Structure formats: C-alpha cells, structure tokens
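Novice: 3D model of this:
(one chain, ligands or ions: 1)
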Amino acid sequence: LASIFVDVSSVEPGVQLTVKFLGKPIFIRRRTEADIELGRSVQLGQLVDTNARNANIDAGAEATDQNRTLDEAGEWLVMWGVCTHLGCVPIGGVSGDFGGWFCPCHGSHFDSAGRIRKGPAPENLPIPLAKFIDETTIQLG
Ligand code: FES
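Specialist: Residues are numbered from 1 along each chain as shown. Now the structure:
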C-alpha cells in the first residue's frame, strides 16, 4: 500500500522534517509557541484563501489554525512542500513576511500555518492524509 510511516520522536520545537512521498516533499514542522500563537492570531477575513485545503477533514472546512494542524495543541503542521502557484519548494525556517515559508520562484509568502498571504499562489499549502498512530509516528496516506 502507498502509506508511509514517519518517526517524529526526535523532532524538536522549531524543527522541520522533510520527507519524500508520492515523489514530492512533505513538510512536517513541529511548531514553536511563537508559530502557534501567531497562526491563531489571524482572522479568517485576513486570509487570501479561507479553505483549509486539508485531506483529513471536510473539504469545506475553514482555514483556522486549528484546521491546519494534526493535533489540538497545534504543534504538528504537516503539509505538501509544493507551492500552489507553479510547484516550487517553499523555503522555511520562518522565512518571508508572514513568519512561515517563502517561495522564491515568484515570491509567494505563506504564514506559520502554511496559509497563502502574499504573491501569486492561489491556495494554502495542501495538507495530506496524515495522522498519528501512536506517540511517535505519523502515517502519511
Ligand atoms: S512557484 Fe511558488 S511563487 Fe511561483
């Protein structure tokens, strides 16, 4: 079966793990308290794309910070590392003007929940089928 199983036991706050799945990067960021608070401080009305783009929940779900992470605590942000404009790999480590990712191909800025805030990309970075299957492992797909 296609599903893969990622050990995240050693991922510390402020670290992104990048894993290849279906030929493309998946970003698994363990968010800092700053990342989480900032994500939760954004009103839906401020967003370019109000859809959660999240395979795990209703396709009409709103792009609240809570609908962008795997866990209620908001520590685990898992998304395709594929810019929704033309597919370049967004640069992380708190890059760009919105405390998240910057796609250097045509200048798209994503926030700390991977939501599009500035530039040509039309959509928030999509979230794959992903869930914890115990304390230390995320199943993708
Ligand atoms: S591919 Fe990301 S801004 Fe164009």
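Novice: CA only for contacts and neighbour counts going forward, please
Specialist: Noted.
Novice: buried set for stretch 118-138?
Specialist: For stretch 118-138, a neighbour-count test (16 or more other Cα atoms under 10 Å) marks 118, 121-132, 138 as buried.
Novice: ok, and of the residues you listed, which contact the ligand?
Specialist: Among these, the residues within reach of the ligand (Cα under 6 Å from any ligand atom) are residue 121.
Novice: which ones are touching residue 21?
Specialist: With contacts defined as Cα atoms under 8 Å, 6 or more residues apart in numbering, residue 21 is in contact with residue 4.
Novice: need the contact list for residue 96.
Specialist: Counting by Cα under 8 Å, 6+ apart, the residues that residue 96 touches are 102, 109-110.
Novice: and with 7 Å instead?
Specialist: Shown in contact with residue 96 (Cα atoms under 7 Å, 6 or more residues apart in numbering): 102, 109.
Novice: ok, now residue 124?
Specialist: Applying Cα under 7 Å, 6+ apart to residue 124 gives the contacts 49, 53, 114-116.
Novice: and if we set it to 10 Å?
Specialist: If a contact means Cα atoms under 10 Å, 6 or more residues apart in numbering, then residue 124 has 47-54, 63, 68, 79, 83-84, 110-111, 113-117 as its contacts.
Novice: ditto for residue 64
Specialist: With contacts defined as Cα under 10 Å, 6+ apart, the neighbours of residue 64 are 39-44, 47, 50-52, 113, 115.
Novice: give me that answer again for 7 Å
Specialist: Contact partners of residue 64, counting by Cα under 7 Å, 6+ apart, are residue 44.
Novice: could you do the one 4 residues further on as well?
Specialist: Counting by Cα under 7 Å, 6+ apart, residue 68 makes contact with 52, 77, 113.
Novice: list the contacts of stretch 1-16.
Specialist: Contacts of stretch 1-16 (Cα under 7 Å, 6+ apart): 27-32, 136-141.
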